[PDB]
Amino acid sequence: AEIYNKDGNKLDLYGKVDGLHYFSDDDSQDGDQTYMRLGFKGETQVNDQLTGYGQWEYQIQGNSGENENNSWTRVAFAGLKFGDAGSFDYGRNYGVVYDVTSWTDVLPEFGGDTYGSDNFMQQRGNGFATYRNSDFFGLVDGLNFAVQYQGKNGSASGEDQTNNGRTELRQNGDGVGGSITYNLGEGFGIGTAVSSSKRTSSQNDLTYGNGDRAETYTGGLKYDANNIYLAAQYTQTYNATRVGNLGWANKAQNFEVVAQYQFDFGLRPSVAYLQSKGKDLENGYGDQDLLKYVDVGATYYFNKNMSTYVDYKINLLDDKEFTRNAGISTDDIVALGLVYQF
Amino acid sequence: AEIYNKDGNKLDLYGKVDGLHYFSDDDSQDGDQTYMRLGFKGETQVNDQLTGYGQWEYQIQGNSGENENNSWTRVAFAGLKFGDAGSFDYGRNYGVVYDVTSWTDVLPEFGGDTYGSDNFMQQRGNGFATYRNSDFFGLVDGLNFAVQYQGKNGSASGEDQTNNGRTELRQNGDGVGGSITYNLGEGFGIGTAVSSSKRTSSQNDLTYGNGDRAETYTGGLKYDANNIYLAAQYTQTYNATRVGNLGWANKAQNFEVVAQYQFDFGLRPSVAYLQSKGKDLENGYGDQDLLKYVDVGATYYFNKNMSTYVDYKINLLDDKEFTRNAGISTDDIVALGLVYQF
Amino acid sequence: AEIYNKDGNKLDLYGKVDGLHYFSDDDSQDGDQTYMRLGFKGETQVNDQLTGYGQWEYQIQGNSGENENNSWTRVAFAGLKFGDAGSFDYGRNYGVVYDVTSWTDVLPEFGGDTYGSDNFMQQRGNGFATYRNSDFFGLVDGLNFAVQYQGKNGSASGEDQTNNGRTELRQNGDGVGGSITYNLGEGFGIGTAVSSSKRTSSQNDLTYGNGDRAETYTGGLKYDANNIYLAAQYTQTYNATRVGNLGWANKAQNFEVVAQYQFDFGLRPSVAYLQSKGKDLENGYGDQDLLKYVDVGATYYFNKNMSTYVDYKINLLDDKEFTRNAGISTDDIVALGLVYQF
Ligand SMILES: [Ca+2]
C-alpha cells in the first residue's frame, strides 16, 4: 500500500500473511506452512530524466515456535531509472533468466521449481548488477532487453572465500547473462534468456555436475488476454540444475507449461505440468527425472487484498534409491491457503 | 496506529519499545531486558457481510549485542469475518484456553506464566484453525464462544516428523478446544474453556508427564467496571503443564488472581497471586510447586502512547534440588520499565 | 519519512537500501556488501512540559543467501523529555563518548573504527541510562552535556552471568560517563567526553589488556560552515580498545581527522586519516599500530533520498605476524555504493 507520497518521494509498504497448510505423506512437507512477507518499494524523482528507487522484501516463517526464527531477505536493491536510456540497479535481486521463466511461475502454491534461489543467475541471488531497457530505447514498442552481471559469492573460508561466504549449493563465480522479450500483439509474448556463471573450486569438489561454468538457455511463450493465461518455458542447463542436495546435473532439460482462466465471479482455476530431466549424472545414475508433476488448483479472489486457494501437486516421480539418496520428494501434496495482503 | 485507510482497506502498523531492566539474585533474570515489538493488523471490506483480515506481531530483543539476534513471531494469521455468522482464522494464534486465562494476564510486567507459548492449546501456538462467534449469532447479547483445532506440530525427523519440527516441549499432536464467555452484566463476566491435544511419541519418551492426551479445564471470573479490575482463573491440567524444561506434570492445578484500580490521574496499582501445583511427578518428586508468587506493582500511564512501571515478583518457591534440576527460578525480581508505543 | 501525525503522536518510519560492493585483496572484505536498515522514531506530546519518545533501528544484511539471516538491533530505547530540564532515555543506545567521536564518523563508507559496537561506552551498546541537557537549561545557548550509566552486560553462564550474556569482547561491567560540547560560533565546535567501566572477570581472563576498569578520555574539534567540514578527535584509552579479536590494549591513543567540501551540484569529496596506537601489548608485542589508514572518497547526493559513493581505504598497516594473529586487516579496500533512503 502506498503510505507516503510527498514532494516527489513515494513509499509503498506491502506485505502478506498466508495461513497455509500442506497435506502430504512426505513428513518434510506435511503440516503447517503459515508465513508472512513484508517489503517496501520507494521511488524519488531527482529530475526530468532521473528517478531513484529502492526495494526490499523479507519473508518470516509463521509456522515455528518462539524458540526459533526462520527468516530471510528475498530482495534488497537500489537503482536509477533514466527515461528511455534504461534502468540500473544493484543488490540482491532476480537473475535475468527469471525474466522469461517467471511466465510459468504463476501457480496457486506450487510451481517455479525447476530451479531455486541462490542458484546461479536463475532466480533470486546476491550481487546482481542489472541494466534494463524497455521498448528498445523508445524506438521499438514492446521489445525489452536486459544485461546482467553477478559477482562471485564464494565460501566462508579457504580458496573460494568472499566476505559473504556460503555453502557450495548456493555459491557462484562471476557471471553474465541477458534477456530479450517481445510483445507480438493480441496478448502474445515471446522471450529468451541466457546465463553463464563461473563455478567455484569447492562446487567442483562435489561429486555431481562438475565444470568450469554453469550455463542456462531459455525460451518462453505466453498468451495473456480475454481472461485466459497460457505460458510455457523450456530451459536447457549445464552444471546449473541442483540434484537434490548432492550437487548439480551435468545437463538438464526443464519444461513448464500452465493454463489458467479467470471467471468474473472470482475463481481462477489452474492446470500445469512441470518436468526436469537430468542427464549424465555421476555414480552410475545417468539419466534421471529430477522433477515431474501435474498441478491442479484454483484461487478464489475475494478482492485484491484477500484470497483463498487449493493446490494439488500430483507427483509423477517414482520412489527409488536415486530420489531417496538425493532427497527429492516423490509424494503428492495438497495445499490450502487463506491470504490477506496489502 | 492506523497509517492507511482507503477504498475499503485499512492497515494499522503498531509497535512498542520497552526500556526494561530487571533486578534479581537470579543471574539468568538480572540485567537489561529491553525489547521491542512490531506488528500490523489489516482489514479489507469484501462485501456487506464479509471482511477479510490479517494480523502479524513480532518481537525483537533489544538487550543483545550486534553479533546476535533474538527475535520471534508472536502471531501470524489470516481470516474472514462473516458479520453475525462469526469469524474464521488460521495461522499462528492464541489457543482458546487464553480466552479465559487472559483475564488474569494483566500485570505490569510479570504474570501469565502458569503456562507458556507453544504449550498445547494454552497460549500462542502454530496451526490453529479458530471459529468464533460473538453475541451468539446476534441472539444472546454478551455470550461468546469459540471452537478451535490445532494440527500436529511434530519433530524435526523420525516418527513424529512434520515440516515445522521442533523440540518436545513445544510439540503437539492434533488438538481440539473450546471456550464460552458470558457478560453477566454490571461489570461481571464468567468464562470456561476446555482443550484436549494428542501428545507425540517423542513427548512420551521424556521422563515426566507421559500420556495419550494433554488436557486443560479452566474457569474464570472477573469484574471490570468503575475503575476496578478483579479477576481469577483456575485451571486443572493433565500432561499439559511444563515442569521446567524436563517434561510435564501428570496433573497440575493452576490459580491466578489479581486486583487493580485505575486512578484518573494515570496510576494503576496491581496486586496478584499466582501458583501452579504439580501432582504425581516422576523420579520420586511427587507433589511439587512449579510456580508460586505474590506480585505487587504499578503502571503510570502518561497517555495512550507512553507509560512507566515497577513490578515486584515476590517469589515464594523454596530453592531446593527439584527447582534447581527443573531450572525453575526461585528468586525475587524487581522490574522497571519505560514504554513508548504506537 | 513521517507517516503519521495525529492527536499529539507522530511516527517517522525510515530506512535505507545500500547496494554496496567492496574490492579488496582481503577475502573477508571483498565482494557483495549490500545491506538495508529500517527504523522508527516516535514522539507523543504528554503535556506542555513533557514529551515521550521511542526509537528503534535494525540492520538486515542483503548479501546472504536465503538459508541464513544476518541481522541486528542498532538502537532500541524509550525516553522522556521535560522541556528545558532535559531528557532521559533507557535501552540500547549510543555511549556518550560518541557525542564527540561522532564528529569524525562522517566518511562515505569507512571511518569510525578506532572503536566498535558493544565496546564499553564508546558506541552502540546495551542498557544505557542517559540524561541529556541542551543549551544548559535554556540559560547557555550551544552548551550541551550528558551523563550516562551502563549496567553490567556479562557472560552467558558462571561468575559474570547476566540474563543477556555474551562473549568477552562485547561484555561490560557497570559504567559511568559524560560529555560536554560547546558551540563556539561561526561554525566552530569543541567537545570532551570521559567514560569509566568496570571490566568483568571473564574479560580479565583473556591475555591482552587486563585491568579493573576500561577508561576513555576524548577531545574533539570541528568546523562546519561555508560548505566546509573539518573535524578531529583524539582519544586515550586504558583497557578499552580492542586488539583484533584477542582482547584489549593496556593503553591506546586514537586519532581521527577529516576534511570535506560540499559542492552545490551535489558532490562531496572527503579526505581522512585514522590511527590507533596500542601500547604495552602482551606476548612480546609491545607497541603496535592497531589501525592506520588514509581514506579518500566522494559522495554524490542526487537529492535527500538518493546518493552514490566511492570510498578508498589506503591501508598503511604492514602485513606481519602480529596483524595476522590479531585478525587485523592490512589490505586496501575500494567501496562502491548506491543508496536509496526514506
Ligand atoms: Ca559437467
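Percent of C-alpha pairs per 10 Å bin in chain C, short distances first: 5, 21, 33, 30, 10, 1, 0. Taking all C-alpha pairs of segment A:202-335, those more than 22 Å from each other amount to 49 percent. Please label the shape of segment C:27-108 as rounded, prolate or oblate, based on the square roots a ≥ b ≥ c of the eigenvalues of the alpha-carbon gyration tensor (a/c under 1.5 means rounded; beyond that, a/b larger than b/c means prolate, else oblate). Because a/c hits 1.5 or more and a/b exceeds b/c, segment C:27-108 counts as prolate. In nanometers and ordered shortest first, the copy-to-copy spacing of the A:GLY327 label point, defined 7 Å from Cα toward Cβ, is 2.7, 2.8. Placing a pseudo-label 7 Å from each Cα along the Cα-to-Cβ vector at C:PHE265 and B:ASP25 gives an inter-label distance of 7.3 nm.
Comparing B:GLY112, B:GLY54, B:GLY286 in a Gaussian network model of chain B (Cα springs below 10 Å), the most mobile by mean-square fluctuation is B:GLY286. Among C:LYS222, C:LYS304, B:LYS198, the ranking by other beta carbons within 10 Å of each residue's beta carbon, starting with the fewest, stands as C:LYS304, B:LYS198, C:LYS222.
Counting only Cβ charges, +1 for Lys and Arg and -1 for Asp and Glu, the dipole size of chain C around its Cα centre is about 740 debye. From its DSSP helices (H runs of at least four residues, each -39,500 (n - 2.57)), chain B gives a residue-normalised ellipticity at 222 nm of -1000 deg cm²/dmol. Measuring from each Cβ of chain B to the axis that turns chain B onto chain C, the shortest distance belongs to B:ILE3, 3 (residue, then whole Å). Summarising the overall dimensions of segment C:62-142 from its C-alpha atoms, the Rg and Dmax are 16.2, 56 angstrom. At full extension, C:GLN49 and C:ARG324 could sit 93.5 nm farther apart than now, given 0.36 nm per residue minus the alpha carbon distance. Considering only GluC sites (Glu not before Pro) in DSSP loops that have at most 12 other Cβ atoms within 10 Å, the longest stretch of chain B without any of them is B:1-158. Taking a straight Cα-Cα cut-off under 19 Å and skipping sequence neighbours fewer than 8 places away in the same chain, the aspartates and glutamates within cross-link reach of B:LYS198 are A:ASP27, A:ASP30, A:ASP32, B:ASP118, B:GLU159, B:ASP160, B:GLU168, B:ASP174, B:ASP212, B:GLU215. For a distance above 17 Å, tell me the whole-number percent of Cα pairs in segment C:168-225 that qualify. Across segment C:168-225, Cα pairs with separations above 17 Å total 53 percent. Cross-link reach is defined here as a Cα-Cα straight distance under 27 Å, omitting same-chain residues fewer than 8 places apart; for B:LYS304 the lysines meeting it are B:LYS6, B:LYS10, B:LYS16, B:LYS41, B:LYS222, B:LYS313, C:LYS6, C:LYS10, C:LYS41, C:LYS81. Projected onto planes of every orientation and averaged, the convex hull of the alpha-carbon atoms in segment A:271-321 covers 5.0 nm². Normalised by residue number, the volume inside the convex hull of the Cα atoms of the protein assembly as shown is 178 Å³ per residue. Once each part is reduced to its C-alpha centroid, what is the distance from segment A:93-116 to segment C:1-74 in angstrom? About 30 Å separates the Cα centre of segment A:93-116 from the one of segment C:1-74.
This ranking places A:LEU13, A:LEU221 by how few other beta-carbon atoms lie within 10 Å of each, fewest first, which gives A:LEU221, A:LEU13.
By the count of neighbouring beta-carbon atoms within 10 Å, fewest first, A:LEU281, B:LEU139, B:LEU246 end up ordered B:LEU139, B:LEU246, A:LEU281. Across chain A, C-alpha contacts under 8 Å between residues 6 or more apart give a mean separation that, scaled by the residue count, equals a relative contact order of 13 percent. Here B:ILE228 yields copy-to-copy label distances, from shortest upward, of 7.3, 7.4 nm, the label point defined as 7 Å from Cα along Cα to C-beta.
FYI, it's all coordinate maths here, none of it is from the lab. Neighbour counts run over all protein chains shown; Cβ positions are idealised from the backbone, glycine included.
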